[PDB]
Structure formats: structure tokens, C-alpha cells
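Worksheet: one structure, shown below.
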Amino acid sequence: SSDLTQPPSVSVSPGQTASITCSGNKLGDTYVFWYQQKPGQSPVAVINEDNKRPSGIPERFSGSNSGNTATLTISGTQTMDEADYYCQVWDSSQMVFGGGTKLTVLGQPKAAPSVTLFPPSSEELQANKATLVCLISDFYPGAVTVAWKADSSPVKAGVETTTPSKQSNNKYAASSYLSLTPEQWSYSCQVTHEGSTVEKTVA
Amino acid sequence: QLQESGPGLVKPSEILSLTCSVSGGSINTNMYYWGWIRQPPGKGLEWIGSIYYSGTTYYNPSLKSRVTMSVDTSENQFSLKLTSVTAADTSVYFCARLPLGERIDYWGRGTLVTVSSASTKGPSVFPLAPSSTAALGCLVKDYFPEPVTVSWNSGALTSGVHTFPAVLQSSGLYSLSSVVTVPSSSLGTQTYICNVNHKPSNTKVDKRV
Amino acid sequence: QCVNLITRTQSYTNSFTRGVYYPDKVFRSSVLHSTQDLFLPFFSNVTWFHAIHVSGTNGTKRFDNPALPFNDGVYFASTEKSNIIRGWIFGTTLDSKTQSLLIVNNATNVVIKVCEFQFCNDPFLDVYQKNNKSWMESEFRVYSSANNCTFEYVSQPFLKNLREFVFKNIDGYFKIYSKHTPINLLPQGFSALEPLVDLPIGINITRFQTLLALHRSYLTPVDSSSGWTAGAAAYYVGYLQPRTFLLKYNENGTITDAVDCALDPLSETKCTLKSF
Ligand SMILES: *[C@@H]1O[C@H](CO)[C@@H](O[C@@H]2O[C@H](CO)[C@@H](O[C@@H]3O[C@H](CO)[C@@H](O)[C@H](O)[C@@H]3O)[C@H](O)[C@H]2NC(C)=O)[C@H](O)[C@H]1NC(C)=O
Ligand SMILES: *[C@@H]1O[C@H](CO)[C@@H](O[C@@H]2O[C@H](CO)[C@@H](O)[C@H](O)[C@H]2NC(C)=O)[C@H](O)[C@H]1NC(C)=O
Ligand SMILES: *[C@@H]1O[C@H](CO)[C@@H](O)[C@H](O)[C@H]1NC(C)=O
Ligand SMILES: *[C@@H]1O[C@H](CO)[C@@H](O)[C@H](O)[C@H]1NC(C)=O
Ligand SMILES: *[C@@H]1O[C@H](CO)[C@@H](O)[C@H](O)[C@H]1NC(C)=O
């Protein structure tokens, strides 16, 4: 104990078996507990005491602990198993966590982004402000780029864009904001995703 | 059931104070410890400390000089204090219960604490082009600190709701947006208001869309 | 991690003539020998402790297992079988401020250490199942930290069968005497305790605590541990006082009888006459 080492990422094809390893000095002499954390939630124990499944955990989760190595095995890995897995030990007077392993499930289908655009609201225009909202949802994988156009002319100032974030259904969501003066206010949000562009125009 | 409470904004070189309330059971039990675990955004879990019904405490050696935990058995609460905070203390804090003080069975929901010298600013909620199925929502403009909770029609309309993550702008302030997809057959014969709650600024806004 | 589990009750019983030990390592035969040192007086009022762990209770006001005074020396007795008593803790404050002596027995060895232990309020060995076959013992619920270790000793284990020990702390030596006796029912008769080890540690001892071992409870083989299995450990404690004893050695050199000179006028007459 006193030091837990975990691979930072493990990638597995659907239906295969994923093995997450935790390494430490004489781990076999102590209990190891496994926690699964999905994005935006709180961790849930999947394995306690090196091989015990709590209630509600699928039977495809199994554990082992020998020598200096503890293993969390997921058989028939599914997309819903895509999360962050932590190994935890109790040493003499401290609780030790691993660095965490991110499980990726390959073979996920391609999803083109869904784009929605909103014009500045009449209430915001009354306050001498304008903001165009570009909303991008349900695209896999999470690598999208956003470029704006004002009557077929790029605008680079006033653009704030979020990094894609994995949501519950394992897809990604991103946003882009265009700050404008109402004097400056057709506008289009151009969203490119692996060569394909989605356009929404507002006026 | 464990619930955290405390300020979400803390100035640097000041004291972070959190309290966890326990329901459905009593702290006054020998079978459980009560602990705190923090997670920086995008990073791993770190155990801060654990406390016992009698006041026995275990602390993380990297924070032992700054961490102090207390227990109140009469009120079923346990509290954490962290002194001389810096930006490295900005993270999500969970209060957890520890069967035999060696594992975690129940976690808290987690509360986000930001250590910054910036001032709390409430949002400027705007109705985002009502219904232009049709997509409608409200824009949650410049606010600090994170997070802002957005609901639709109290807690009834929770079918097509999507609350997008906040953008951090060059002004140091966050912006947020929420969208509901509703059938266009209900364009006018339905009340659609969004509820924006910002705890640090004590802001509650019901906006018609 | 420290957990409070034990509720201890006490009754009072009679130490008839137990606790006699060989005072020196000199062979004597067919002689009466008068010695003056720390003995357990005959027919003494010894205390019978029952330490009980019951699983499935409510509240925390029932846990009471404080460390006992050491006085000038201790006579410890037990009649346990399932290795529930594993050893002892000796010291003054039983925390990191001062040094303390820990004695542990596990089925192959005895480990004796002198360190600045931060002992738990209710210390006990935690025995937990590994791989559904083995049982491993943890000291994480005996002490939270063991620093500045100055002494260490490993040997064969000390522990219907009565086990008697005498602990004394004199002139920088912790002297232990032991005896195992097959009994049927504290018994009558004599069983002279033999020297076990003389530890050269200059430690200040005022209090001592009995160390138990508790097995984790599993409702089903597929479930995790829900605590510890209910257990009971009963032992006897008496206190040594400076007395003069007239010990009888037989032809083979064993101590077969003794007289407490200060017990009563008849025994005082026997000690004066140097005859039984
Ligand atoms: C061995 O020592 C114990 C104490 O360590 C003795 O118990 C004590 O017994 C006396 C009477 O002999 C008790 O005093 C009286 O007891 C009752 C109940 O309270 C009552 O008559 C009086 O109010 C008074 O207290 C005393 O309380 C009790 N002490 C304890 C701690 O229980 C025991 O008698 C001794 N045994 C022998 C064989 O000498
Ligand atoms: C019984 O106690 C002995 C003595 O502490 C243990 O044996 C030691 O184990 C450690 C840890 O593996 C080794 O570093 C030492 O060399 C061992 N000492 C010996 C063999 O004299 C033993 O593991 C304990 N057994 C059980 C079942 O708890
Ligand atoms: C031993 O410690 C006690 C306190 O536990 C103290 O009063 C006593 O003086 C100490 N004895 C010696 C010889 O230092
Ligand atoms: C050991 O004792 C020294 C003084 O002899 C003290 O400074 C030190 O803190 C002790 N060690 C630990 C690990 O506490
Ligand atoms: C010494 O031991 C022998 C063993 O045969 C025994 O017969 C004898 O009685 C013993 N002496 C005593 C008890 O004085």
C-alpha cells in the first residue's frame, strides 16, 4: 500500500474483456476497493474486498488481487461501462487512491452534430448587448471546430467556445457564443465535424 | 443520504468550511467513519480526512497542518475546515460514509468550491428566442462563481431538457444555456418558464420563454 | 482504523495459591528456600474480566474497555482456546508522547516491540479472510502509528488449559514467567511459573491492556464483511506485592509447595521455623 499505480487509459472493443490494473507494494496483504465514476456523477463501488460485488452491480464485473497487482475485469464490455475506475486501499492511517483509469469503448458509431442557433433576445438588445448562442449536441467523437460568418464574412472577435464534454448518452456537447453590439446586429454558425459542416443562419 | 453545505467561493489565504448532514441514520455508531474526498475538475480523487463518533480523526499527511474535522452527533452533522487555501484547493468536495473506516459505501452529491479573489456576480437571465418540434431555452449570462442550476417549470418539465456546460469567458465570468425540445403543437397553449438558481449570489429567477 | 467494539464486565474471585514462580535460575532440590520479592499473595481478591463483542447493537454508550493499572506487577490468567487473546500492551500514556511495549502472538511467532505507538482506544487484531482460504491479521486497529522503535524480539509463541503469566518491570528488565496447566473446572494446588524471557528495556510502565483478535463476519460467501463475529474473552488479573515466601523444592528440583509468611499467624510460624 501507500502508493497505488494505475494506467491512465484502457481502450477496449465492445463485447471484449477490459482489464484495469492497480499496482502497489504488497497489495495482496490488503483489501482493494474499486469505484466507477461516470461524468457529472459521484463514484459508485463496483468491487469491495478484492472480489465482492455489491448489490445492483452487473455480474460482468470481477476482481482479483495477488502479489503486487489488483485487477478489475469487465467481461462483455458495453458502452455504458465507459467511465473512470479508481482503486482504493486503506494503509495504516490513510486512505490511498489510484490515479484513475479512463475506460474507452471503441467501435462507437459516427454521429453528426446537431446544431441549434438562437438570435439575441429583444430583452438583451434593450440592455445595449447582443449574444448569439450556438448549441451543438450529440456528436461522436468529441472533436468539433466552430467558425462564425456574418453575411459571408468571418468574424473572429467575440467568440467563446467550450471544449466538448461527454454527456450521459456517451455523446459530446459544445457551445459557442458571439458577443455583439446591437449596431452590428444574417449571421451563421459553421460547425465542422470530421470534414462535414452544419450551418444555421439567423437574421 | 448525505448532503453537503457551505460557501462555494473562498478568498485565498482564508478558511474553507463545509458541513455534511446525514439523514436516514445516526452518526452515533461505532461501525462507520465520516470522511471528506475532493476531486479537482478533470483530475482524480483525494481523501482529505475521516472522523469518528468519538472525535478520533485521520488526516491526509499532505494537508494535516491545515485540515480540521469536527463531529456533532446531536445534530447528525460533521464539518471540515481547511486553512490557508490557494487555487490548488479549488475542487468538488464529497462527504462520504466509511464502513469500518476503510472503504466508501455512500457518497455525497458533491459541492464545488472555487478559491479566487474575484467577487460574486449574479447572472443576467435572458429568454433565448422562445420556440424560434421547437427548441426553446434561456441564456444564463455573466456570473461567478460556478455553478448555476437551471430547471424548467419547477420540476415537471424534465423530458427534453438539456443544460449545456458553462463557458468561461475572457472576462473571468461564466455563461450558461439550457434548451428544451417540445412538440410544436404546444407553441402557445403551454406555460414555459425556466428557473435559474445561483447560490453564491443568492439569485432566483423565473423567466418566461 | 480505530473502532470501539468491546464491553467489559468484571467480577471478583479468589486466587487461592496461584502465581508462584521460580525466583532465580538456580537448581535446588529437597530444600526449603526463603525469598523476598514481588509475589501474588495467597487467597487474594483477583478480578475476573469478561470482554464481550456483540454484533448488531445500537448506540455507543455500552463500549467500556479502559487500560488497567500495572501497579508493581501483574498476574494474568486465562482459560481460552480459540486464540482470542493474542498479547498485551504496556506503557504510561499509550500514545506517541511516550514509549510503549507491544507483545503479539500469531500461531508461529511472538513479536515484542518497544515503540512510540499511538494505540487505539480499543486495540485488537483484525483477522480477515483472503481468497476464501487464508486468514490474514492486521494491526491497523491496534495502533495508528509506530515510530522511534528501540527494541524488537521474535521467538516461538507464548500462547481445559489454563495459561498463567507473571509480568514484572524491575531495574530496566521486563521479566515474564509462564505456565500452562491442564485443568477441569482458579484451581487449587500448585503450578510454579517458569521464566520465559528477560527483556532489557528501560521503560516506565503504569498501565497495561489486553489485546484480543476478532474475525470478520460474512453473512454469505458472496457478501463483504459486515463487522466482526461476536466473541467473548475472559481473563483473571491480580497484582503483585513485596512478600516473603518459603518455597519447597522436591528431589527433582520443582517447586511443589509454598508458604505466604504474612498471610496469617500459622504461616508466619511456619516461616519462622523454616518448616511446613
Ligand atoms: C473484592 O473486592 C471487591 C471490590 O474490588 C469487593 O466488592 C466490594 O464489596 C463491598 C462489601 O464487601 C461493597 O461495599 C458495600 O456493598 C454494598 C453494595 O453497594 C452495600 O452494602 C454498601 O453500600 C457498600 O458499598 C463494595 O461496594 C464492593 N465494591 C465493588 C467495586 O463492587 C469484594 O467484596 C471483594 N471480595 C472479597 C472476597 O474480599
Ligand atoms: C505471524 O507473524 C510473523 C512474525 O511477524 C509473520 O512472519 C513475518 O512476515 C513478514 C511479512 O511477510 C516477513 O517480512 C517476516 O520475515 C516474517 N517473519 C518471520 C517468518 O519470522 C507471519 O507472516 C505472521 N503470520 C500470520 C498468519 O499472520
Ligand atoms: C512513570 O510515568 C508516570 C506517569 O504515567 C509518572 O508519574 C512517573 O513519575 C514515571 N516514573 C518514572 C520513574 O519516571
Ligand atoms: C522520534 O523522536 C524524535 C526525537 O527523538 C522526534 O523528533 C521525532 O518526531 C520522532 N519521530 C516521529 C516519526 O514522530
Ligand atoms: C521425581 O520424579 C520422579 C519420576 O519418576 C518421581 O517418581 C518422583 O516422585 C519425583 N520426586 C518428587 C515428586 O519428590
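Residues are referred to by chain and number: the chain letter is A, B, ... according to the order shown in the C-alpha cells, the number counts from 1 in that chain, and ligands are numbered separately from 1 in the order shown.
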
Compute the set of protein, DNA and RNA residues whose minimum atom distance to ligand 4 is at most 8 Å, using only C-alpha atoms and all ligand atoms, and state it as a ChimeraX atom specification.
/C:96,116,147-148

Deliver the residues from the most recent selection as a file, using C-alpha atoms, as a PDB file, in the first residue's frame.
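Saved result, part_29.pdb, follows:
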ATOM      1  CA  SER C  96       3.100   8.882  20.702  1.00  0.00           C
ATOM      2  CA  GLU C 116       6.082   5.225  20.437  1.00  0.00           C
ATOM      3  CA  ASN C 147       7.644   5.374  15.418  1.00  0.00           C
ATOM      4  CA  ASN C 148      11.087   5.535  17.016  1.00  0.00           C
TER       5      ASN C 148
END

- Item | Site check for ligand 1: residues at most 9 Å away, only C-alpha atoms and all ligand atoms, as a PyMOL selection string | chain C and resi 10-14+43-47

Keeping only C-alpha atoms, write the selected residues to a file as a CSV table (one decimal), in the first residue's frame.
chain,number,residue,atom,x,y,z
C,10,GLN,CA,-15.8,-7.6,36.0
C,11,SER,CA,-16.5,-10.0,38.9
C,12,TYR,CA,-14.3,-10.9,41.8
C,13,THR,CA,-12.8,-14.3,42.6
C,14,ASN,CA,-10.2,-15.9,44.8
C,43,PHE,CA,-6.1,-16.2,48.6
C,44,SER,CA,-6.0,-12.8,47.0
C,45,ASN,CA,-9.1,-10.9,45.7
C,46,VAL,CA,-8.4,-11.1,41.9
C,47,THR,CA,-10.6,-9.6,39.2

Residues near residue 159 (chain B), cut-off 10 Å, only C-alpha atoms, skip fewer than 3 positions along chain, as a list in words
residues 152, 156, 162, 180, 181 and 182 of chain B

Selection file, C-alpha atoms, as a compact mmCIF listing (two decimals), in the first residue's frame:
# COMPACT_ATOMS: atom_id res chain seq x y z
CA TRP B 152 -37.94 24.08 -16.22
CA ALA B 156 -42.30 18.98 -14.04
CA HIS B 162 -30.50 19.79 -21.86
CA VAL B 180 -35.99 22.20 -24.02
CA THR B 181 -37.29 20.39 -27.10
CA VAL B 182 -41.09 20.47 -27.04

Next on the checklist: Give me the residues near region 192-206 of chain B as a count of residues only, where near means some atom within 12 Å (using only C-alpha atoms) and where sequence neighbours in that chain fewer than 5 positions away do not count.
Outcome noted: 58

**Prompt:** In chain A, what's strand (DSSP E or B) per DSSP? Answer as a ChimeraX atom specification?
**Reply:** /A:5,9-12,18-23,33-37,44-48,52,61-66,69-74,84-90,95-97,101-105,111,114-118,130-140,145-150,154,159-161,165-166,172-180,187-193,196-202

Skip residue 171 (chain C) itself and residues of its chain fewer than 3 positions away, then list as a PDB file with N, CA, C and O atoms, in the first residue's frame all residues within 12 Å of it, counting only C-alpha atoms.
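The result, stored in around-v3.pdb:
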ATOM      1  N   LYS C 168       6.666  -8.523  35.499  1.00  0.00           N
ATOM      2  CA  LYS C 168       7.258  -7.551  36.407  1.00  0.00           C
ATOM      3  C   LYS C 168       8.235  -6.672  35.639  1.00  0.00           C
ATOM      4  O   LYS C 168       8.769  -7.069  34.605  1.00  0.00           O
ATOM      5  N   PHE C 174      12.052  -6.208  31.850  1.00  0.00           N
ATOM      6  CA  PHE C 174      10.677  -6.693  31.858  1.00  0.00           C
ATOM      7  C   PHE C 174      10.741  -8.215  31.897  1.00  0.00           C
ATOM      8  O   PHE C 174      11.037  -8.863  30.892  1.00  0.00           O
ATOM      9  N   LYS C 175      10.462  -8.781  33.065  1.00  0.00           N
ATOM     10  CA  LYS C 175      10.553 -10.215  33.291  1.00  0.00           C
ATOM     11  C   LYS C 175       9.177 -10.850  33.150  1.00  0.00           C
ATOM     12  O   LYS C 175       8.197 -10.365  33.731  1.00  0.00           O
ATOM     13  N   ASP C 198      13.652 -12.317  29.640  1.00  0.00           N
ATOM     14  CA  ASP C 198      14.000 -11.117  30.398  1.00  0.00           C
ATOM     15  C   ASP C 198      14.390 -10.039  29.392  1.00  0.00           C
ATOM     16  O   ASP C 198      15.522 -10.019  28.902  1.00  0.00           O
ATOM     17  N   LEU C 199      13.456  -9.149  29.090  1.00  0.00           N
ATOM     18  CA  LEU C 199      13.677  -8.139  28.065  1.00  0.00           C
ATOM     19  C   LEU C 199      14.457  -6.966  28.643  1.00  0.00           C
ATOM     20  O   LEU C 199      14.025  -6.382  29.642  1.00  0.00           O
ATOM     21  N   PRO C 200      15.592  -6.590  28.058  1.00  0.00           N
ATOM     22  CA  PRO C 200      16.391  -5.465  28.582  1.00  0.00           C
ATOM     23  C   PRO C 200      15.913  -4.116  28.052  1.00  0.00           C
ATOM     24  O   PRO C 200      16.561  -3.459  27.228  1.00  0.00           O
ATOM     25  N   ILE C 201      14.750  -3.682  28.529  1.00  0.00           N
ATOM     26  CA  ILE C 201      14.150  -2.421  28.117  1.00  0.00           C
ATOM     27  C   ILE C 201      13.929  -1.561  29.353  1.00  0.00           C
ATOM     28  O   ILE C 201      13.284  -1.995  30.315  1.00  0.00           O
ATOM     29  N   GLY C 202      14.472  -0.348  29.329  1.00  0.00           N
ATOM     30  CA  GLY C 202      14.294   0.589  30.418  1.00  0.00           C
ATOM     31  C   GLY C 202      13.081   1.471  30.228  1.00  0.00           C
ATOM     32  O   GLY C 202      13.211   2.668  29.958  1.00  0.00           O
ATOM     33  N   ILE C 203      11.895   0.895  30.371  1.00  0.00           N
ATOM     34  CA  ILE C 203      10.648   1.588  30.083  1.00  0.00           C
ATOM     35  C   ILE C 203       9.877   1.792  31.380  1.00  0.00           C
ATOM     36  O   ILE C 203       9.991   1.010  32.329  1.00  0.00           O
ATOM     37  N   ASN C 204       9.102   2.870  31.419  1.00  0.00           N
ATOM     38  CA  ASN C 204       8.254   3.204  32.555  1.00  0.00           C
ATOM     39  C   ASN C 204       6.843   2.705  32.262  1.00  0.00           C
ATOM     40  O   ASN C 204       6.213   3.151  31.298  1.00  0.00           O
TER      41      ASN C 204
END

Exercise for review: Please write out the residues within 10 Å of ligand 3 as a ChimeraX atom specification, counting only C-alpha atoms and all ligand atoms.
Suggested key: /C:69,91-94,98,202-207

Selection from above, N, CA and C atoms, as an mmCIF file, in the first residue's frame, can you write it?
data_model
loop_
_atom_site.group_PDB
_atom_site.id
_atom_site.type_symbol
_atom_site.label_atom_id
_atom_site.label_comp_id
_atom_site.auth_asym_id
_atom_site.auth_seq_id
_atom_site.Cartn_x
_atom_site.Cartn_y
_atom_site.Cartn_z
ATOM 1 N N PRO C 69 -4.446 -0.514 35.589
ATOM 2 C CA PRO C 69 -3.170 -0.173 36.224
ATOM 3 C C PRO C 69 -2.236 -1.371 36.295
ATOM 4 N N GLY C 91 2.533 0.436 29.125
ATOM 5 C CA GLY C 91 3.036 1.788 28.992
ATOM 6 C C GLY C 91 2.317 2.725 29.940
ATOM 7 N N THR C 92 2.649 4.010 29.821
ATOM 8 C CA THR C 92 2.104 5.032 30.709
ATOM 9 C C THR C 92 0.947 5.793 30.069
ATOM 10 N N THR C 93 1.186 6.420 28.920
ATOM 11 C CA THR C 93 0.154 7.190 28.241
ATOM 12 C C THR C 93 -0.430 6.474 27.034
ATOM 13 N N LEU C 94 0.256 5.451 26.525
ATOM 14 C CA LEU C 94 -0.212 4.654 25.391
ATOM 15 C C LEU C 94 -0.474 5.523 24.162
ATOM 16 N N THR C 98 5.068 8.996 24.688
ATOM 17 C CA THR C 98 5.967 8.134 25.440
ATOM 18 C C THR C 98 6.163 6.814 24.701
ATOM 19 N N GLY C 202 14.472 -0.348 29.329
ATOM 20 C CA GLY C 202 14.294 0.589 30.418
ATOM 21 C C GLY C 202 13.081 1.471 30.228
ATOM 22 N N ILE C 203 11.895 0.895 30.371
ATOM 23 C CA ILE C 203 10.648 1.588 30.083
ATOM 24 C C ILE C 203 9.877 1.792 31.380
ATOM 25 N N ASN C 204 9.102 2.870 31.419
ATOM 26 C CA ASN C 204 8.254 3.204 32.555
ATOM 27 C C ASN C 204 6.843 2.705 32.262
ATOM 28 N N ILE C 205 6.357 1.777 33.082
ATOM 29 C CA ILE C 205 5.078 1.113 32.862
ATOM 30 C C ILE C 205 4.166 1.406 34.043
ATOM 31 N N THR C 206 2.961 1.891 33.751
ATOM 32 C CA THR C 206 1.979 2.190 34.784
ATOM 33 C C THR C 206 0.655 1.507 34.460
ATOM 34 N N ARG C 207 0.406 1.261 33.177
ATOM 35 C CA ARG C 207 -0.843 0.679 32.712
ATOM 36 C C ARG C 207 -0.568 -0.406 31.683
#

- Residues at most 12 Å from ligand 2, using only C-alpha atoms and all ligand atoms? Could they come as a VMD selection string? (chain A and resid 25 to 29 67) or (chain C and resid 86 103 to 113 125 to 130 133 to 139 152 to 157 213)

Could I get the residues of chain C with an atom no further than 7 Å from an atom of chain B, each paired with its nearest atom pair and that distance in Å to one decimal, using only C-alpha atoms, sorted by chain and residue number, as a tab-separated table?
residue	atom	partner	partner_atom	distance
C:1	CA	B:101	CA	5.9
C:3	CA	B:30	CA	6.3
C:4	CA	B:30	CA	6.1
C:59	CA	B:29	CA	6.0
C:60	CA	B:29	CA	6.2

- Task: Select all residues from chain A having any atom no more than 6 Å from an atom of chain B (counting only C-alpha atoms, ignoring ligands), output as a list in words.
- Result: residues 90, 99, 121 and 162 of chain A

As a PyMOL selection string, please: every protein or nucleic acid residue near ligand 5 (cut-off 7 Å, counting only C-alpha atoms and all ligand atoms). chain C and resi 250-252

Point to revise | Test item: chain C residues at most 7 Å from chain A, counting only C-alpha atoms, as a ChimeraX atom specification | key: /C:1,140,144,222-224

Selected residues, C-alpha atoms, written as a PDB file, in the first residue's frame, please.
ATOM      1  CA  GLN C   1      -8.721   2.354  11.736  1.00  0.00           C
ATOM      2  CA  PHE C 140      -4.237  -1.236  11.675  1.00  0.00           C
ATOM      3  CA  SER C 144      -2.274   4.183  14.094  1.00  0.00           C
ATOM      4  CA  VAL C 222     -20.653 -13.559  -1.847  1.00  0.00           C
ATOM      5  CA  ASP C 223     -21.012 -10.678   0.637  1.00  0.00           C
ATOM      6  CA  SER C 224     -18.378  -8.371   2.073  1.00  0.00           C
TER       7      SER C 224
END

7 Å contact set for region 71-75 of chain A, only C-alpha atoms, chain neighbours under 4 positions out, as a PDB file with C-alpha atoms, in the first residue's frame:
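What ended up in result-v8.pdb:
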ATOM      1  CA  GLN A  16     -14.397  -7.847 -25.301  1.00  0.00           C
ATOM      2  CA  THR A  17     -12.863  -8.023 -21.815  1.00  0.00           C
ATOM      3  CA  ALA A  18     -11.315  -4.951 -20.188  1.00  0.00           C
ATOM      4  CA  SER A  19      -8.636  -5.321 -17.506  1.00  0.00           C
ATOM      5  CA  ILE A  20      -7.771  -2.381 -15.239  1.00  0.00           C
ATOM      6  CA  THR A  21      -4.640  -2.888 -13.141  1.00  0.00           C
ATOM      7  CA  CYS A  22      -3.651  -1.331  -9.813  1.00  0.00           C
ATOM      8  CA  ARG A  60     -19.733  -8.943 -15.615  1.00  0.00           C
ATOM      9  CA  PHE A  61     -17.582  -7.163 -13.003  1.00  0.00           C
ATOM     10  CA  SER A  62     -14.967  -9.377 -11.345  1.00  0.00           C
ATOM     11  CA  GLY A  63     -11.919  -8.719  -9.209  1.00  0.00           C
ATOM     12  CA  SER A  64      -8.616 -10.317  -8.318  1.00  0.00           C
ATOM     13  CA  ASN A  65      -5.701  -9.428  -6.055  1.00  0.00           C
TER      14      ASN A  65
END

message = Excluding residue 176 (chain C) and its own-chain neighbours fewer than 6 positions away, which residues fall within 6 Å of it when counting only C-alpha atoms? Please give them as a list in words.
response = residues 166, 167, 196 and 197 of chain C

List every residue of region 84-275 of chain C that DSSP, applied to the backbone, labels as helix (DSSP H, G or I), and write the result as a ChimeraX atom specification. /C:265-273

Taken to one decimal, the CA of residue 214 (chain C)-CA of residue 237 (chain C) distance is 21.5 Å

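Proximity to residue 8 (chain C) was assessed for C:141, C:53, C:163, C:33 counting only C-alpha atoms; the smallest distance is recorded for C:53.
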